[PDB]
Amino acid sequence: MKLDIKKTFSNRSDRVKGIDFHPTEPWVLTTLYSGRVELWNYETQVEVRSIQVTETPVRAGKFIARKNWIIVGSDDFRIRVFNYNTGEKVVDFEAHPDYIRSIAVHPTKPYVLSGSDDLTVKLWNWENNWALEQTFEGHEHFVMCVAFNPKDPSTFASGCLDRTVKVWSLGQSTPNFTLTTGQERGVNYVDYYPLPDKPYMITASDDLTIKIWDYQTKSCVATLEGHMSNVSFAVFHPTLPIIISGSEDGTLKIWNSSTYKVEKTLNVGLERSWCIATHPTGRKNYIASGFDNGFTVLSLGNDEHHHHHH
């Protein structure tokens, strides 16, 4: 590959806590500490739609493109769903009795997971009236991040300030396993490597480290050091051999996913970094990050997302 980073679109706003790419429209969703959410076309740089959802922080937001929805979770305990074409608020319910940190959407089935400061993950089913179909209990501190395994989304991972990642199966009440990270300040984020050649997950911590894990053996594969403040997230790029992380040190870091050495450090000048998204199909190798003072959409270069794409 050849890293060739271009700034596609950056704009200033209140602190961006959640961020996501639409899979077929050139849109990015940002969810703000102010309770506002913005939908931007980053190619034309024109706001498609925006909503003052609540007065509390909105920490989580995802597209559900197959329903033309966004789904968001906020510190006022509520999950809300809006149709992004009409602005219709579809549903609005109390989901947890404490802050909602993270929302994940199943790739094919009508399932949403929410992770919360109430120590739980909850599974909601939108084809069943958004009923609470399962609550996953076992964590001992705030659940900061939930992520389905894209290679087997009957399973998902929860990253928790109790220093563990728990991996669960839908329909079963205890973890398939609990991975102890040695990241003593807790886990802020968890992501799966999406390709079938490595059974890998990655965790980010306030302890300044990022760790790569074999989820079949539970062994630490590598520890990535160099962020100088809390690491907010770390993710595998879906098609490029890299890892991308962001930190309260104000930087994004791009790491070689084979050597585990840092390749690039970028401070985009928006202060602390909080959240990350990568384009679902690697379109123009777009990534986006949200920060204290706004967001940025970057293109990482021209390497193809599909073998023999040209």
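One-based numbering along the sequence shown.
Of the two stretches examined, 159-167 and 97-105, the record assigns the greater average C-alpha temperature factor to 159-167. Averaged over their C-alpha atoms, the temperature factors of 252-260 and 24-32 are higher for 252-260.
The PDB entry assigns its highest CA temperature factor, among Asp75, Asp92, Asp191, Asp197, to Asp197. Across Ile244, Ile64, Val48, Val58, the entry's maximum B-factor at the CA atom is seen for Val48. Residue-level temperature factors show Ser232 in the lowest third of its chain, judged at the C-alpha atom. In the deposited entry, the Cα temperature factor of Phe82 places it in the middle third of its chain's modelled residues. In this PDB entry, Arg185 carries a Cα temperature factor that places it within the highest third of its chain's modelled residues. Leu39: CA B factor lies in the lowest third for its chain, per the PDB record. Placement of the Cα temperature factor of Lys218 within the chain: highest third of the modelled residues, per the deposited record.
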